[PDB]
Amino acid sequence: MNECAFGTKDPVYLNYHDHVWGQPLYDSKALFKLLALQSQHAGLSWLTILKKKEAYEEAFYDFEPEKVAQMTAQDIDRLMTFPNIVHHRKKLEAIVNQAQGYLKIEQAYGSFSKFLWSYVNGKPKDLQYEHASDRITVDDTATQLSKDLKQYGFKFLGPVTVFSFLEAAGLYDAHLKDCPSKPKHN
Ligand SMILES: [Zn+2]
């Protein structure tokens, strides 16, 4: 478990490793929320964004895309002094652009979940890692998904970030073979 969880001992981070990271997530709105939170990570510890999750929920309508998508510069202006979120204007604007892109995807394609899972043919890609040093941080699929999302107006979701999202959402299973949290795949 310890090796799989990147040597982190903070129990809030371990909780995320144990109960979220890499567990196949098929719900569209939950996938949107996780992707949006991932976009906020750059230059900070993930535990920073995790401890702030409830504050982000309060800032962004519980990440409900129809509601987030309607937000304007006036909202972002207010959110720049909203307590316990990161006050990075382009990061905050990005969440609104992402929600708009989600709605565009659902209009053009049907389901945001089906859109994303299409990139791994509807089931997790088990990366079959045995050592934490086996882990890559980007690949061709994440790069193309990043590019494709960008076309619908998503922001702050480059290739490495998208790769991290795929592992987080369980589209990729990056758990080590003997980790107690490695999901079963059929
Ligand atoms: Zn693990």
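We're numbering straight along the sequence, starting at 1.
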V120 reachable from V138 in the ILVMFWY side-chain graph, under 4.5 Å edges
no

Is there side-chain contact between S164 and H41, with heavy atoms separated by less than 4.5 Å?
no

May I ask you to test the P183-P24 pair for a side-chain heavy-atom distance under 4.5 Å?
yes

For a quick test of your reading: what N or O donor-acceptor pairs under 3.5 Å do the side chains of residues 98-112 make, sequence neighbours left out?
| unit_1 | atom_1 | unit_2 | atom_2 | d |
| --- | --- | --- | --- | --- |
| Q98 | NE2 | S39 | OG | 3.0 |
| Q98 | NE2 | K155 | O | 2.9 |
| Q100 | NE2 | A69 | O | 3.0 |
| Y102 | OH | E106 | OE2 | 3.4 |
| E106 | OE2 | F112 | N | 2.9 |
| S111 | OG | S28 | OG | 3.4 |
| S111 | OG | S113 | N | 3.3 |
| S111 | OG | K114 | N | 3.1 |

Distance col, row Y61:OH vs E66:CD, nearest 0.5 angstrom, shows 13.0 Å

Counting only N and O atoms by type, is there a donor-acceptor contact under 3.5 Å from the side chain of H175 to the main-chain atoms of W21?
yes

Going by atom types alone, do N84 and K51 pair a side-chain donor with an acceptor below 3.5 Å?
no

Could you give me the CA-CA distance, side-chain angles and deciding distance for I95 and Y56, then say whether side chain to side chain contact (heavy atoms under 4.5 Å, CB included) is met?
CA-CA 10 Å; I95 291 172; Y56 275 93; 4.2 Å; yes

Which pair of non-hydrogen atoms, one from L92 and one from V86, has the smallest distance, and what is that distance?
CD2-O, 3.6 Å

Qualifying residues under salt bridge (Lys or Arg N to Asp or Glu O under 4.0 Å), relative to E54, sequence neighbours excluded:
none

Which value, rounded to the nearest 0.5 Å, describes the distance between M71 atom CE and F60 atom CZ?
5.0 Å

Do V160 and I136 sit in the same hydrophobic cluster, where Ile, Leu, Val, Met, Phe, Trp and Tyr count as joined when their side-chain heavy atoms come under 4.5 Å apart?
no

Are the side chains of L171 and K125 in touch, meaning some heavy atoms are under 4.5 Å apart?
no

Can you sort out the partners of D77 under salt bridge (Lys or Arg N to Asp or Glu O under 4.0 Å), two or more places apart, ordered by chain and number?
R89

Would you check if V162 and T143 make a side-chain contact, meaning some heavy-atom pair closer than 4.5 Å?
no

Could you walk me through whether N2 and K9 pass the side chain to side chain donor-acceptor pair (under 3.5 Å) check?
CA-CA 8 Å; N2 169 68; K9 305 296 181 289; 2.7 Å; yes

N/O donor-acceptor pair under 3.5 Å between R135 side chain and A174 backbone
yes

Take the angle between the ring planes of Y119 and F115 and call it parallel below 30°, perpendicular above 60°, tilted in between.
tilted

Working for ring-ring contact (aromatic ring centres under 6.0 Å, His included), residues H88 and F156:
CA-CA 12 Å; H88 182 301; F156 263 82; 5.7 Å; yes

Residues which pass salt bridge (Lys or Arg N to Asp or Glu O under 4.0 Å) with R78, listed by chain and number, not counting sequence neighbours:
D75

Verify side chain to side chain contact (heavy atoms under 4.5 Å, CB included) between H131 and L176, making sure each step is shown before the conclusion.
CA-CA 6 Å; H131 308 276; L176 305 188; 5.7 Å; no

For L34 and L25, work out which heavy atoms get closest and say how close.
CD2-CD2, 4.1 Å

So, using ring-ring contact (aromatic ring centres under 6.0 Å, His included) as the criterion, who are the partners of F165 when residues are at least two apart?
none

One should read off an interatomic distance between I85 CD1 and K53 NZ, to the nearest 0.5 angstrom, of 16.0 Å

Do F154 and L145 have side chains that get closer than 4.5 Å, going by heavy atoms?
no

Using the side chain to side chain contact (heavy atoms under 4.5 Å, CB included) rule, take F163 and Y172 through it: C-alpha gap first, then chi angles, then the decisive distance, then the call.
CA-CA 9 Å; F163 185 95; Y172 283 5; 3.4 Å; yes

Quick one: CD on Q40 to CH2 on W46, what's the gap to the nearest 0.5 Å?
9.0 Å

Minimum heavy-atom separation for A5 to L14, with atom names?
CB-CD2, 3.5 Å

Does the side chain of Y16 come within less than 4.5 Å of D10's, by heavy atoms?
no

Please confirm whether the backbone N or O of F82 pairs with a side-chain atom of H87, one donor and one acceptor, at under 3.5 Å?
yes

Are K29 and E64 close enough that some pair of their side-chain heavy atoms sits under 4.5 Å apart?
yes

Is it true that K33 and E57 make a salt bridge, defined as a side-chain N closer than 4.0 Å to a carboxylate O?
yes

Inter-residue atom distance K90.NZ - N97.CG, 0.5 Å rounding
10.5 Å

Can you pull the salt bridge (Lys or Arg N to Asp or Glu O under 4.0 Å) pairs that have at least one residue in residues 177-186, sequence neighbours excluded?
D126-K182, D173-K182

Does some side-chain heavy atom of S181 sit less than 4.5 Å from a side-chain heavy atom of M1?
no

Can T48 and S45 be said to form a side chain to side chain donor-acceptor pair (under 3.5 Å), step by step?
CA-CA 5 Å; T48 297; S45 67; 2.7 Å; yes

Side chain to side chain donor-acceptor pair (under 3.5 Å) between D148 and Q144: does it pass, once the steps are laid out?
CA-CA 6 Å; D148 297 344; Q144 192 66 46; 2.9 Å; yes

Between the CG atom in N15 and the CG atom in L50, the distance rounded to the nearest 0.5 Å is 8.5 Å

What verdict does the side chain to side chain contact (heavy atoms under 4.5 Å, CB included) test give for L116 and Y26, after you've listed the backbone C-alpha separation in whole Å, the side-chain angles of each residue and the deciding distance to 0.1 Å?
CA-CA 9 Å; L116 291 172; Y26 294 102; over 6 Å; no

